[PDB]
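Asker: This one is an experimental structure. Sequence first:
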Amino acid sequence: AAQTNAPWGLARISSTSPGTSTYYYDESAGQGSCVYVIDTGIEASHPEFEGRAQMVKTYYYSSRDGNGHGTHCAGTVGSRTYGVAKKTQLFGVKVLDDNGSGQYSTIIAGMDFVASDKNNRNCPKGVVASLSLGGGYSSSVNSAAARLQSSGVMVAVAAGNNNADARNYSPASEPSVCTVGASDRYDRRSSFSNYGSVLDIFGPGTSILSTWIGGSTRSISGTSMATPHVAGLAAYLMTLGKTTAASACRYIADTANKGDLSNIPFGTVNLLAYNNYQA
Ligand SMILES: [Ca+2]
């Protein structure tokens, strides 16, 4: 399959070189997989989700996305136009309020929720979680992310936007999950992206067009935007039978475009997510 005039990030994930604008992918498109988006929620009624999105949990007085951030992330995972895995099922877990804030205890509860709730969903090709959130180091937050991964969910988490070493942030610093840095259209590390030995992979994170609340669309930037590219890629690869939740991060790193990014600090991986699709 080929989507012409795709967002640059989708084109990049299917390309050995920057500067192209068509997204190429196997038509299976993540069918039979599920991705949980743990964030501010998802506007499920957005035409771009085609009935494939559902709120499953909230810790606040509403499950609606009153922010936009979660809807944007969900769109990059699996909207028809802006998504990597255009046939995946999307499940929203609102651990962040409409200001994008959340107490660590609520975030941890949301991760443990997904670890159980996947047993209530039909996801024969496998389960992914995209966590576009972060705060300072907390062993408890890291441990929750490790449990979620351990339960059989491919966990992708944002490295953070501090232009700092991700070892000081959680869940970014958790070794057993997939920590994702952000890059730009010109294959440079995004200026805000955290870095460090704890990073596993880079994905497109600067100027990312995707869905927003009120049925609209928006371009925004963050390691929160790179993460769902990787989450979506994982879902896509799992439906293709190429990998499993346990080894998808490893598989993505093994099959990445290597040594192509600039401004990568010494000791940080130079690996950009790539679907290796031969059209
Ligand atoms: Ca690891």
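Answerer: Done, it's in. Residues are numbered from 1 along each chain as shown.

Asker: Just the CA atoms of stretch 224-237, as PDB, please.
Answerer: These are the backbone C-alpha positions of stretch 224-237, laid out as PDB (Å, rounded to 0.1, in the frame of the first residue of the first chain):
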ATOM      1  CA  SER A 224       5.200  12.300  22.900                       C
ATOM      2  CA  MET A 225       4.800  12.400  19.100                       C
ATOM      3  CA  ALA A 226       7.700  10.100  18.400                       C
ATOM      4  CA  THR A 227       6.400   7.500  20.800                       C
ATOM      5  CA  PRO A 228       3.200   6.700  19.000                       C
ATOM      6  CA  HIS A 229       5.100   6.200  15.700                       C
ATOM      7  CA  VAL A 230       7.000   3.500  17.400                       C
ATOM      8  CA  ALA A 231       3.900   2.100  19.200                       C
ATOM      9  CA  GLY A 232       2.100   2.100  15.800                       C
ATOM     10  CA  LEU A 233       5.100   0.400  14.100                       C
ATOM     11  CA  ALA A 234       5.100  -2.300  16.800                       C
ATOM     12  CA  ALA A 235       1.400  -3.000  16.300                       C
ATOM     13  CA  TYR A 236       2.000  -3.200  12.500                       C
ATOM     14  CA  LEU A 237       5.000  -5.500  12.800                       C
END
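
Asker: tell me which residues in stretch 253-272 are buried?
Answerer: 253, 255, 256, 257, 260, 261, 264, 268, 269, 270, 271, 272 (16 or more other CB atoms under 10 Å). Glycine gets a C-beta too; all of them are placed from N, C-alpha and C.

Asker: separation between the second one and residue 246?
Answerer: According to CB to CB, to the nearest Å, residue 255 stands 16 Å off from residue 246.

Asker: The fifth one now?
Answerer: Between residue 260 and residue 246 the distance, using CB to CB, works out to 27 Å.

Asker: what residue of this protein is the furthest out?
Answerer: Centroid-distance maximum for the chain: residue 61 at 25.5 Å, with CA atoms, centre = their mean.

Asker: contacting residues around residue 91?
Answerer: Taking CB atoms under 8 Å, 6 or more residues apart in numbering, we find residue 91 in contact with 34, 35, 36, 37, 53, 54, 55, 56, 114, 117, 121.

Asker: Out of these, the closest to residue 241 would be?
Answerer: Set against residue 241, the nearest of the contacts of residue 91 by CB to CB is residue 34 (15.9 Å).

Asker: Just give me the neighbour total for the nearest residue to that closest one once chain neighbours are set aside.
Answerer: Distance criterion CB to CB, 6 or more residues apart in numbering; nearest residue to residue 34, sequence neighbours excluded, is residue 123 at 3.7 Å. Counted with other CB atoms under 10 Å, the neighbours of residue 123 add up to 22.

Asker: Relative to residue 234, how far out is residue 123?
Answerer: Residue 123 is 12 Å from residue 234, by CB to CB.

Asker: With residue 40 instead?
Answerer: 21 Å.

Asker: what's the answer for residue 254, then?
Answerer: 13 Å.
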